[PDB]
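> Shown below is the structure under consideration.
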Amino acid sequence: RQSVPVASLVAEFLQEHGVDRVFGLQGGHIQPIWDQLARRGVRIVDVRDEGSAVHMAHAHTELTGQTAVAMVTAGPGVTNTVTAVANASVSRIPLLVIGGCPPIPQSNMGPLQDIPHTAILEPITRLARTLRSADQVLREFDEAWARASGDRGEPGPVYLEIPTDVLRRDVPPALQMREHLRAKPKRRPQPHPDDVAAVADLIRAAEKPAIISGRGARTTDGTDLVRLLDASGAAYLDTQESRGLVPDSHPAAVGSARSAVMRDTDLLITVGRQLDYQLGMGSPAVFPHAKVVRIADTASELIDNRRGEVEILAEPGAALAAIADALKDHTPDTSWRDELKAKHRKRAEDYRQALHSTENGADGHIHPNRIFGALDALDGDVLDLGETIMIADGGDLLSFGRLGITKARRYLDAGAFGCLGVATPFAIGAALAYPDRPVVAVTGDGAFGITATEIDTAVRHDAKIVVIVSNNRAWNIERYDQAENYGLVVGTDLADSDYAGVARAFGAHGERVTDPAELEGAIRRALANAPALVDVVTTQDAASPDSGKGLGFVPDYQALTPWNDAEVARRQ
Amino acid sequence: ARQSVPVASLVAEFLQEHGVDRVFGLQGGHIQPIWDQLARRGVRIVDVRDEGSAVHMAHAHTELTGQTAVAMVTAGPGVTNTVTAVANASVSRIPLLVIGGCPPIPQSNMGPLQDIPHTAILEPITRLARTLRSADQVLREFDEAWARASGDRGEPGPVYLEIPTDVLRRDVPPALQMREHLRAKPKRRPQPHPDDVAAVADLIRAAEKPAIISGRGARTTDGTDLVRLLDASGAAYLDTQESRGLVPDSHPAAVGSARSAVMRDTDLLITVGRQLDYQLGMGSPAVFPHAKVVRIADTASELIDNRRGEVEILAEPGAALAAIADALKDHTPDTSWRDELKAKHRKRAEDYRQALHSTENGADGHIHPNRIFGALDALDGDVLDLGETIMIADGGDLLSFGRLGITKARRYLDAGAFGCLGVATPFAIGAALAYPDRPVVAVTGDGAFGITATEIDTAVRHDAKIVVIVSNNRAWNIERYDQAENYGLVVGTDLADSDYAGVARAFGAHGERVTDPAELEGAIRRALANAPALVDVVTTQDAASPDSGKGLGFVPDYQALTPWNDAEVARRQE
Amino acid sequence: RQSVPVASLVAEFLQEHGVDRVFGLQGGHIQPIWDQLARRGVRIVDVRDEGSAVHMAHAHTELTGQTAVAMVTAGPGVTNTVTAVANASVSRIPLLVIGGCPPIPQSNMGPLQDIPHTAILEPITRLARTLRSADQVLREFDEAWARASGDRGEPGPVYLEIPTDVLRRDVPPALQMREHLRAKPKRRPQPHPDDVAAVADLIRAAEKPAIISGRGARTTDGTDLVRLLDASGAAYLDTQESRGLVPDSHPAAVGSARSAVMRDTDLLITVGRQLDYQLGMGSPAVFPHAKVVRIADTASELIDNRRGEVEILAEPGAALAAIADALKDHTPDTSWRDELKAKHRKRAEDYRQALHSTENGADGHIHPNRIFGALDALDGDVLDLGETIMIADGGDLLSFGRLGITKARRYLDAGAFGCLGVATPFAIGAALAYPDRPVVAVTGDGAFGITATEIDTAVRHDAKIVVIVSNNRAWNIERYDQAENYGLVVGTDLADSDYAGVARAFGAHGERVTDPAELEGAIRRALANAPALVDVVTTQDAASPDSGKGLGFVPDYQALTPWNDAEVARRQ
Ligand SMILES: CC(C)(O)C(=O)SCCNC(=O)CCNC(=O)[C@H](O)C(C)(C)COP(=O)(O)OP(=O)(O)OC[C@H]1O[C@@H](n2cnc3c(N)ncnc32)[C@H](O)[C@@H]1OP(=O)(O)O
Ligand SMILES: CC(C)(O)C(=O)SCCNC(=O)CCNC(=O)[C@H](O)C(C)(C)COP(=O)(O)OP(=O)(O)OC[C@H]1O[C@@H](n2cnc3c(N)ncnc32)[C@H](O)[C@@H]1OP(=O)(O)O
Ligand SMILES: CC(C)(O)C(=O)SCCNC(=O)CCNC(=O)[C@H](O)C(C)(C)COP(=O)(O)OP(=O)(O)OC[C@H]1O[C@@H](n2cnc3c(N)ncnc32)[C@H](O)[C@@H]1OP(=O)(O)O
Ligand SMILES: Cc1ncc(Cc2csc(CCOP(=O)(O)OP(=O)(O)O)c2C)c(N)n1
Ligand SMILES: Cc1ncc(Cc2csc(CCOP(=O)(O)OP(=O)(O)O)c2C)c(N)n1
Ligand SMILES: Cc1ncc(Cc2csc(CCOP(=O)(O)OP(=O)(O)O)c2C)c(N)n1
Ligand SMILES: [Mg+2]
Ligand SMILES: [Mg+2]
Ligand SMILES: [Mg+2]
Ligand SMILES: [Mg+2]
């Protein structure tokens, strides 16, 4: 080892920890790190807005399991990340944000961009620190890295900033410890056999077991989950954060029976999933017959809103496998699951076939479902949807996408946070992670306006993305709440913008579609010429399931009117 | 004769009664009940493409008009999209109100849609950040927050209020709806003490080289009491980016091209509503080696930072300036230093401005950005009146060129002490809607513009007559230059030759590209006749601004700029 | 100037700013400052509990107007101050707390006492900062000093901590600026004449004007207040934080007519006073006929709960004088004030005479009012109450003290915060500030147990205090709420402790009293042998006004039941 500046050690720490790319936007306060990353051969993915760099890192970690890294300058560079940090905090995604900050001698003196970055980010990070001791920077990086994984907290984003005088300070070789530089494996806490047995007993006693998966299950490959589904006879639901773990044809997979499963299950088993608003707070009002069991590698998916009759805090794969083993010699009663599955095959197949011929709305414009129809039609022709990373974003468009996107290798969207504008930055992170196939992002026009200029980033970095915009000239799920519940539509209209022209202005391939019969060709040409955008002139006359269920109205107790009605009855 | 009405109605009424005739924002369900009531009262709703831009619009509105402005945004990402623009308003000490959505009280901490700790995130960069849980007290909490935005119990700047949707829908009995909370209130007017006035006038009589440097608080005045004091004192005058336009260009004190000379030699620095932050070298003795210090302001945020006054006046600055002018009634100032600076300033500024019309292309064959400022100067008195124009600047090298190139504006806005890239378009929109009779002109770097470009759509939908001129140098170019000069490696600072005119046309604005500098005057003339409009100017990468040359990109240990930093290193080793 | 360590410059800053004493408790982290203060001849008043040192500083500043200083070590030394800091924050008293903290190299590494002091104190200070730049320490001290006065905030406590490696670092003489070392005068913002005139017009139109004073009025000597009372014909009330500004015999002084003044005034004028719970939130329910005017040098006494038809933000003395001037040629209608005053003379004189002969309670023990009787009886004999600093603390005892303490030069008590245990630390600060006369502190036994060991501090530092304890073997106002509103008395009894013996064990003079006829002699002997304690065996059968009005019960809208009943009527 030689005496080297902090900036060099930070670059080395990152590379040794497996970082081969940093998302970011250059400023002088971080230039010393930026320089060293480039001299080490770390790819720098420079963006148009720092928020998008954090979104890119989120997508990288969520897909790959490798903690990703954004780097931004002092002041507005850091404050531009707060939305993307909050989003990663809510979704419990490990990532590191490296911020610039002013030199120590000028503290509190009004130097350029001295705002309290750590104070702003502390409520939505696992750690937010200013590193004032050159000798201890390496250690602070390694500990923050562990905390992003969930050590001393739960998985999520961490923030570190180094005053520029500290960045430029030398660290003697004695203080450069191999144990802080080196990559570390994930923790693997194991289940206790008594908890495994107690869950197996609940499954044997249950007539209508159901498993709902989430983030922690999606860290596994799905094979132990399928083993437990096979041993238990349970129905299976996933969530936006856990798509793709169970084959569609599996006798447990009943994705179009969500209400039926929640209403009747006598044993809900959560697997790395929160019982947040997305699952009716786990309320007895939404699960009126369910006993509860909770399995996760973090108590963030064990203690919220409902407690387990058993709770297992362990690596989910090992827990699922141990319970499957313990159900040796059990013959599950699958008659409820099978009855749901028969109804699911009809409902899901009818729905998917209908996507190819959905009528135009009263305004003469394309129903957004035709986008999902056209993608389904191209599957096995010009793209393999089962190898494709699908992204969804927007309001009505996002809700239609939850039903319209059924074959994807992986799925990302606006998350529990409802973070509009993720579609383009997610698509870019996904595409650079998996360069062999186009990534397809389907987005509302409202959402797309937030991060549209990242089309520039996609072209400059050659990220093979296809963005498809539902251009309905509106924040349409909002326009509909205003009409239905208030009788006045105001400040929710947008214009008939040329998003293909926006894409072409930033060097991407672009095409506008007004005729639904043109969608397959337009998407074919977009796939062949990625990065590409398809601007689809869509109807305002089309209520998504979210629209119809009051999501826009914000009831007192639950996100949706039907669940809220059930909760009001439970209360009395 | 009051009746029982929901909180959402009272909030809309509170705002209209406090003089709010417009609200910038982006609709979500959590704020819809307020949004609805604002529209039924006839308050204009200016709906944007990104909530950060709504807060920048409110900032511009307040900074120009002095009327506290309002942004309204939904829970979760709607609130977190504001943080940059809130920080910017906090650093610049601009009163504004952000009204955020938030989940109903029953669902607190349960993982409802968008339950993040908005108030904890915003508390470090607001004067007040609160969740309002008592229907009966919402009016009161609004009135108090409004007063704290003005600087009561703190200093001027942004405040944040959020009302859980169940509270928004709750009725308030009429007896709890107090006129005193609904009604508009006047600004405070603390007055100077005559002993402090006398003491300042004594310092001015004893000084040979008095200099006044203005800031935010001065810019809240019309400039006429400032001119009275300049006249009575014989002081030299500098402004800052936040105080342009208070003193006529031809005034014998106005020596804007003599910044280093004034700071090096003044024996009496008088700050008027101005911080001695990095923009004035921390007020360091290293940068003001001969100055005694006097500070005048209506807030100690412009009295106590880095240097203390031999006298500090905490008062409405207009009254303080007038009182000191009166106290100098029989003083005959020695103006010979000011006069010698002014004579040299006249020539240096005139030569500089003339040379803007003919600046040569850089080695890459592209337009020098100074030609944009030349073209605007040439059109003055032809198709636009720069003295009635609101000018905005944003970017890196472009912004530094703009500080020399923009000399005749009625009002000036830019990226601020925060160095907040992307303000150009949202500022221009707020400015144009405040002052609808003439185009607003925003000159921006391509880097900065990419942050808020989609707000061109907002300008077209709301008919904001803006002209945006882009220095398209295919780069974050002040950064590219720091990389080359101090590190020998240029990486992740290049952008592309994007069609910003095409982006503007895609959103229904007028757009044209300029590659030939002789085409600039026409392109800007056509842009002014067809606003909202963008002019995409292919500019050179071979052009170092004064900020570029002075190390701004490098971030020295003690001062923002190398020359000032060198002076501070010398001061330390005495 | 020479190159000197930060610790020396801090000692010099304090002495130059007028600090001639520092209250505190030594630890290694602050020893370098402690050492330099002692070498400069600054008196070190070392205490038994760091909280008491902050209370002492509070009393010094509140009495003298000079900002006072406590100094405490890292970790538990700082955390022991939080109550006394909160108390000073609520009362808006300028003070500086200097905390120790660990050296910079060991940050976040679990060094001895690395807890987040600044994060803990930030919600209840005007400034809380860690000073990491030796060169800028002087400047940070001067700015924090200004912020304690109210600059950029409102008057109250500030916290500064210097890592011990920074304390030991030299500062070059060039960076030691006279302007940061030197003492600074208080600000004096002046009224605008239009606001003065508008207030004078409201006074001319009012039939029943009333002035209520507070903290900001008590920063003046009272003479401009009396000028305005004379020019306006207003009734006058003070509050616990504004006693002693208006002579008792003044025709406006109607201290026993509090409810009558609030009920009928048609013009309430606050003078440096909050309309907090102590004045019924300024509610129309408590002031049903009042227009409102607010005068103060801080908007902390202008904007809370009621807005002024006029609000003057100025030095209160100048504002009061300007309004008195503007009432040149006004003949005030004093008939309401005079009618209140005639009733006041009878009520107050009857009450004060009755203090000399209050009966023992049913349990055979002294009524606490006899303490106030005995003090009244000694006035003009062995002490001059009009030159005496009186302190009150406790529950029932505190409430009886508000009526029983009527002649004092100055009065301190538990404050709006209701901070039990202030009595002894306040008495010590007061006594060292004004060494020529004994200070008398009257306290409940509950309150006294919190800070009793500071009797040791009083003896070691020769603070001439007399503490008189109402020893009723109870948190008695709490015992009474439990009996009246819950029917069960539990965990509110104390024991028949020997507080005279406690005092004698720490080297003070002590005496126990069981016979009310012994009180005058015991208090005479205590005054002659200060520091001294008188342990008065008092009754549990004695409801104070606070007890009778529900203070213990915490109603929904107001601190007291009658005010709360009025608010409930106003709401409907
Ligand atoms: C408040 C506001 C407007 O300002 C916002 O900020 S909103 C933020 C933007 N939007 C969001 O982030 C979305 C938030 N909401 C949601 O995530 C969802 O409403 C929910 C998770 C809370 C509830 O979703 P569901 O459990 O209903 O899941 P979906 O996948 O949406 O399924 C809807 C229905 O289609 C069914 N379905 C699913 N896949 C299908 C398929 N393939 N074929 C046919 N039907 C299918 C499904 O069973 C179900 O019908 P049913 O069983 O209730 O009768
Ligand atoms: C760190 C990083 C890069 O990552 C960032 O985030 S930077 C953020 C974006 N940039 C900014 O926000 C800029 C921040 N810096 C500044 O604001 C300024 O550098 C400063 C306030 C610190 C210094 O500005 P000056 O006091 O030098 O003022 P300017 O108006 O720029 O004047 C520069 C020179 O032009 C002169 N000048 C002004 N008007 C003139 C005129 N009309 N004609 C000729 N010369 C003129 C002026 O006198 C002076 O020359 P001199 O006296 O020093 O020799
Ligand atoms: C909640 C709990 C129990 O856990 C706690 O923590 S309590 C904390 C400990 N206690 C406190 O900090 C006290 C808090 N409360 C108070 O400060 C008071 O209740 C109050 C400020 C809110 C209200 O006080 P008042 O305005 O009633 O003032 P007092 O000086 O107490 O006067 C009481 C009465 O005696 C009268 N009075 C005053 N001086 C007199 C005199 N000299 N002679 C005769 N009567 C006199 C006075 O007029 C009034 O009677 P009326 O007009 O209402 O009929
Ligand atoms: C940053 C932010 N601001 C506001 C909102 C609130 C919202 C949730 S859904 C929606 C409408 C989205 O319109 P889009 O055109 O994308 O989709 P569509 O319904 O098909 O027309 C809004 C405004 C959220 N969640 N995030
Ligand atoms: C949100 C944010 N992120 C980064 C930065 C740091 C910066 C300051 S100046 C600059 C270059 C701006 O490039 P532009 O193209 O607008 O101008 P020009 O130099 O003429 O090419 C950067 C990146 C700031 N202040 N704010
Ligand atoms: C630190 C703290 N803990 C509890 C309380 C709550 C309280 C307010 S009054 C009171 C009883 C005081 O008993 P004392 O014996 O002093 O007075 P007396 O009624 O005459 O017997 C308590 C416990 C407060 N305010 N502060
Ligand atoms: Mg839309
Ligand atoms: Mg943003
Ligand atoms: Mg550029
Ligand atoms: Mg007691």
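A note on labels: chains of the structure tokens are A, B, ... as shown, every chain counts residues from 1, and ligands are counted from 1 in their shown order.
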Counting only C-alpha atoms, collect the residues of chain B whose closest atom lies at most 7 Å from chain A, and write them out as a ChimeraX atom specification.
/B:27-30,45,47,49-50,76-77,80-81,83-84,104,106-107,110-114,117,120-122,124,166,277-278,306,417-418,420,450-451,454,479,492-493,498-500,502-503,506-507,553-555,557-558,560
> With ligand 5 as the partner and 9 Å as the cut-off, tabulate the residues of chain B that qualify, each row holding the nearest pair of atoms and their distance in Å to one decimal, using only C-alpha atoms and all ligand atoms, sorted by chain and rising number, as a tab-separated table.

```
residue	atom	partner	partner_atom_place_in_ligand_line	distance
B:84	CA	ligand 5	1 (C)	8.4
B:369	CA	ligand 5	20 (O)	8.2
B:394	CA	ligand 5	16 (O)	6.5
B:395	CA	ligand 5	16 (O)	3.2
B:396	CA	ligand 5	19 (O)	3.5
B:397	CA	ligand 5	20 (O)	3.8
B:398	CA	ligand 5	20 (O)	3.8
B:399	CA	ligand 5	20 (O)	6.7
B:400	CA	ligand 5	20 (O)	8.2
B:401	CA	ligand 5	20 (O)	8.4
B:415	CA	ligand 5	25 (N)	8.2
B:418	CA	ligand 5	25 (N)	7.5
B:419	CA	ligand 5	25 (N)	4.7
B:420	CA	ligand 5	26 (N)	5.1
B:421	CA	ligand 5	26 (N)	4.6
B:422	CA	ligand 5	1 (C)	7.2
B:444	CA	ligand 5	16 (O)	6.2
B:445	CA	ligand 5	16 (O)	3.3
B:446	CA	ligand 5	15 (O)	4.2
B:447	CA	ligand 5	15 (O)	3.4
B:448	CA	ligand 5	16 (O)	3.8
B:449	CA	ligand 5	16 (O)	6.5
B:450	CA	ligand 5	16 (O)	8.3
B:451	CA	ligand 5	1 (C)	7.6
B:470	CA	ligand 5	16 (O)	8.8
B:471	CA	ligand 5	20 (O)	6.3
B:472	CA	ligand 5	15 (O)	7.1
B:473	CA	ligand 5	21 (O)	5.9
B:474	CA	ligand 5	15 (O)	7.3
B:475	CA	ligand 5	21 (O)	5.1
B:476	CA	ligand 5	13 (O)	3.5
B:477	CA	ligand 5	21 (O)	3.7
B:478	CA	ligand 5	19 (O)	4.1
B:479	CA	ligand 5	11 (C)	5.7
B:480	CA	ligand 5	19 (O)	8.2
B:481	CA	ligand 5	19 (O)	8.8
B:493	CA	ligand 5	23 (C)	7.9
B:495	CA	ligand 5	15 (O)	8.4
B:539	CA	ligand 5	20 (O)	8.8
B:541	CA	ligand 5	21 (O)	7.7
B:544	CA	ligand 5	19 (O)	8.9
B:545	CA	ligand 5	19 (O)	8.5
B:548	CA	ligand 5	19 (O)	8.5
B:552	CA	ligand 5	8 (C)	8.9
B:553	CA	ligand 5	8 (C)	7.5
```
> Can those selected residues be exported to a file as a compact mmCIF listing (two decimals), in the first residue's frame so that it contains N, CA and C atoms?

```txt
# COMPACT_ATOMS: atom_id res chain seq x y z
N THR B 84 -35.45 20.77 -3.69
CA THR B 84 -34.41 21.63 -4.30
C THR B 84 -34.89 23.10 -4.31
N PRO B 369 -20.85 32.78 -26.69
CA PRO B 369 -22.10 33.12 -26.01
C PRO B 369 -22.28 34.61 -25.78
N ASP B 394 -29.00 31.43 -16.24
CA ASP B 394 -28.85 30.09 -15.59
C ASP B 394 -27.74 29.35 -16.34
N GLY B 395 -27.03 28.46 -15.67
CA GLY B 395 -25.99 27.65 -16.30
C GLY B 395 -24.66 27.89 -15.61
N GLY B 396 -23.56 27.60 -16.30
CA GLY B 396 -22.22 27.68 -15.70
C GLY B 396 -21.47 28.84 -16.29
N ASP B 397 -20.71 28.55 -17.34
CA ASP B 397 -20.06 29.60 -18.17
C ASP B 397 -21.14 30.58 -18.69
N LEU B 398 -22.28 30.07 -19.15
CA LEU B 398 -23.33 30.99 -19.68
C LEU B 398 -23.70 32.01 -18.59
N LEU B 399 -23.91 31.54 -17.37
CA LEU B 399 -24.36 32.39 -16.24
C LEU B 399 -23.31 33.45 -15.94
N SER B 400 -22.03 33.08 -15.95
CA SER B 400 -20.92 34.01 -15.63
C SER B 400 -20.84 35.05 -16.75
N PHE B 401 -20.95 34.64 -18.02
CA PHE B 401 -21.02 35.62 -19.15
C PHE B 401 -22.23 36.54 -18.97
N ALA B 415 -29.66 31.69 -10.85
CA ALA B 415 -29.49 30.45 -10.07
C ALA B 415 -29.26 30.72 -8.56
N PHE B 418 -27.35 29.66 -4.04
CA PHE B 418 -27.40 28.17 -4.04
C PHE B 418 -26.78 27.58 -5.30
N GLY B 419 -26.62 28.34 -6.40
CA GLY B 419 -26.19 27.76 -7.69
C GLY B 419 -27.15 26.70 -8.22
N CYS B 420 -28.44 27.03 -8.16
CA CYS B 420 -29.57 26.13 -8.50
C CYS B 420 -29.84 26.15 -10.02
N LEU B 421 -29.23 25.21 -10.75
CA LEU B 421 -29.45 24.97 -12.19
C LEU B 421 -30.91 24.55 -12.40
N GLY B 422 -31.51 25.08 -13.48
CA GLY B 422 -32.86 24.75 -13.92
C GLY B 422 -33.90 25.75 -13.56
N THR B 444 -29.95 30.58 -20.92
CA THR B 444 -29.61 29.36 -20.13
C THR B 444 -28.53 28.54 -20.81
N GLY B 445 -27.69 27.91 -20.02
CA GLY B 445 -26.89 26.78 -20.53
C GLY B 445 -27.76 25.61 -20.90
N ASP B 446 -27.25 24.76 -21.77
CA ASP B 446 -27.93 23.49 -22.19
C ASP B 446 -28.04 22.50 -21.03
N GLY B 447 -26.98 22.39 -20.22
CA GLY B 447 -26.96 21.56 -18.99
C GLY B 447 -28.12 21.92 -18.07
N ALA B 448 -28.16 23.19 -17.65
CA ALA B 448 -29.21 23.70 -16.77
C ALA B 448 -30.58 23.45 -17.39
N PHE B 449 -30.75 23.72 -18.69
CA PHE B 449 -32.08 23.68 -19.35
C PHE B 449 -32.67 22.27 -19.33
N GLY B 450 -31.84 21.26 -19.45
CA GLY B 450 -32.31 19.86 -19.45
C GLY B 450 -33.04 19.45 -18.17
N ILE B 451 -32.81 20.16 -17.07
CA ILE B 451 -33.43 19.87 -15.76
C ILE B 451 -34.94 20.22 -15.86
N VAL B 470 -30.91 29.30 -25.47
CA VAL B 470 -30.03 28.22 -24.97
C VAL B 470 -28.64 28.45 -25.55
N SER B 471 -27.61 28.56 -24.71
CA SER B 471 -26.20 28.38 -25.12
C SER B 471 -25.93 26.88 -25.25
N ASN B 472 -26.19 26.34 -26.42
CA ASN B 472 -26.04 24.88 -26.71
C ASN B 472 -24.56 24.64 -27.07
N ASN B 473 -23.72 24.34 -26.07
CA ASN B 473 -22.27 24.07 -26.28
C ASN B 473 -22.01 22.59 -26.07
N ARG B 474 -23.07 21.79 -26.08
CA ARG B 474 -22.96 20.31 -26.06
C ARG B 474 -22.16 19.85 -24.85
N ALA B 475 -22.28 20.55 -23.73
CA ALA B 475 -21.40 20.30 -22.58
C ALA B 475 -21.91 21.02 -21.34
N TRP B 476 -21.55 20.46 -20.18
CA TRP B 476 -21.51 21.15 -18.88
C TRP B 476 -20.15 21.88 -18.85
N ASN B 477 -20.04 22.98 -19.57
CA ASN B 477 -18.72 23.33 -20.12
C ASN B 477 -17.81 23.90 -19.06
N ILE B 478 -18.29 24.68 -18.09
CA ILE B 478 -17.40 25.13 -16.98
C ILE B 478 -16.79 23.92 -16.24
N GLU B 479 -17.53 22.82 -16.16
CA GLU B 479 -17.02 21.53 -15.61
C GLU B 479 -15.99 20.89 -16.53
N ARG B 480 -16.30 20.74 -17.82
CA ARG B 480 -15.35 20.19 -18.81
C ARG B 480 -13.98 20.91 -18.65
N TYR B 481 -13.99 22.22 -18.49
CA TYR B 481 -12.76 23.03 -18.45
C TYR B 481 -12.01 22.76 -17.13
N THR B 493 -18.80 14.87 -18.76
CA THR B 493 -19.20 16.29 -18.77
C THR B 493 -19.62 16.73 -20.19
N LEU B 495 -22.28 16.69 -23.35
CA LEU B 495 -23.65 16.34 -23.74
C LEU B 495 -23.64 16.22 -25.26
N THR B 539 -23.34 27.09 -29.56
CA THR B 539 -22.22 27.87 -29.00
C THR B 539 -20.93 27.08 -28.92
N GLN B 541 -17.34 25.60 -27.32
CA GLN B 541 -16.72 25.09 -26.08
C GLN B 541 -15.43 25.88 -25.81
N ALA B 544 -13.81 30.63 -21.98
CA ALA B 544 -13.71 30.53 -20.51
C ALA B 544 -14.37 31.80 -19.99
N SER B 545 -15.37 31.66 -19.13
CA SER B 545 -16.01 32.78 -18.42
C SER B 545 -15.08 33.24 -17.29
N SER B 548 -14.99 30.51 -14.61
CA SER B 548 -14.13 29.39 -15.07
C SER B 548 -12.66 29.69 -14.72
N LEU B 552 -13.81 28.53 -9.78
CA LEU B 552 -15.09 28.22 -9.10
C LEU B 552 -15.31 26.71 -9.04
N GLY B 553 -15.02 26.01 -10.13
CA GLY B 553 -15.15 24.55 -10.26
C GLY B 553 -14.27 23.76 -9.31
```
> Taking the backbone alone, and naming residues the way the document does, which bits of region 247-453 of chain A are helix (DSSP H, G or I) by DSSP, as a PyMOL selection string?
chain A and resi 258-264+277-282+299-301+316-326+335-354+369-378+385-387+396-404+423-433+445-451
> Please list as an mmCIF file with N, CA, C and O atoms, in the first residue's frame every residue within 8 Å of residue 413 (chain C), counting only C-alpha atoms and excluding residues in the same chain fewer than 5 positions away.

```
data_model
loop_
_atom_site.group_PDB
_atom_site.id
_atom_site.type_symbol
_atom_site.label_atom_id
_atom_site.label_comp_id
_atom_site.auth_asym_id
_atom_site.auth_seq_id
_atom_site.Cartn_x
_atom_site.Cartn_y
_atom_site.Cartn_z
ATOM 1 N N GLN C 240 -46.349 35.719 36.217
ATOM 2 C CA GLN C 240 -45.236 35.223 37.064
ATOM 3 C C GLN C 240 -43.903 35.810 36.542
ATOM 4 O O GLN C 240 -43.007 36.136 37.336
ATOM 5 N N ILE C 391 -38.522 33.345 45.421
ATOM 6 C CA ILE C 391 -38.653 32.201 44.481
ATOM 7 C C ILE C 391 -39.732 31.265 45.007
ATOM 8 O O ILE C 391 -39.744 30.981 46.233
ATOM 9 N N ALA C 392 -40.531 30.711 44.107
ATOM 10 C CA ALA C 392 -41.551 29.722 44.479
ATOM 11 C C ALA C 392 -41.484 28.497 43.568
ATOM 12 O O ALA C 392 -41.151 28.621 42.381
ATOM 13 N N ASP C 393 -41.851 27.345 44.104
ATOM 14 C CA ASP C 393 -41.735 26.063 43.355
ATOM 15 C C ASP C 393 -42.642 25.053 44.034
ATOM 16 O O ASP C 393 -42.788 25.105 45.267
ATOM 17 N N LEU C 398 -46.823 26.269 45.171
ATOM 18 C CA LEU C 398 -46.534 27.263 44.103
ATOM 19 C C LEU C 398 -47.770 28.146 43.903
ATOM 20 O O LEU C 398 -47.633 29.375 43.869
ATOM 21 N N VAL C 422 -36.472 23.985 40.296
ATOM 22 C CA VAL C 422 -35.770 25.273 40.071
ATOM 23 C C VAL C 422 -35.449 25.997 41.388
ATOM 24 O O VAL C 422 -34.483 26.815 41.378
ATOM 25 N N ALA C 423 -36.151 25.733 42.484
ATOM 26 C CA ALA C 423 -36.103 26.672 43.646
ATOM 27 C C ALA C 423 -34.654 26.832 44.159
ATOM 28 O O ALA C 423 -34.133 27.945 44.241
#
```
> Set the distance at 9 Å and use only C-alpha atoms: which residues neighbour residue 540 (chain C) once local chain neighbours fewer than 3 positions away are removed? I'd like the list as a PyMOL selection string.
chain C and resi 361-363+365+367+472-474+476+479-480+543
> Have a look at CA of residue 316 (chain B) and CA of residue 297 (chain C) and let me know their distance in Å, one decimal.
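Atom-to-atom, CA of residue 316 (chain B) and CA of residue 297 (chain C) are spaced 14.5 Å apart.
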> Between CA of residue 349 (chain A) and atom 14 (C, counted along the ligand's line) of ligand 1, what distance in Å does the model show, to one decimal?
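Computing the Euclidean distance for CA of residue 349 (chain A) and atom 14 (C, counted along the ligand's line) of ligand 1 yields 24.2 Å.
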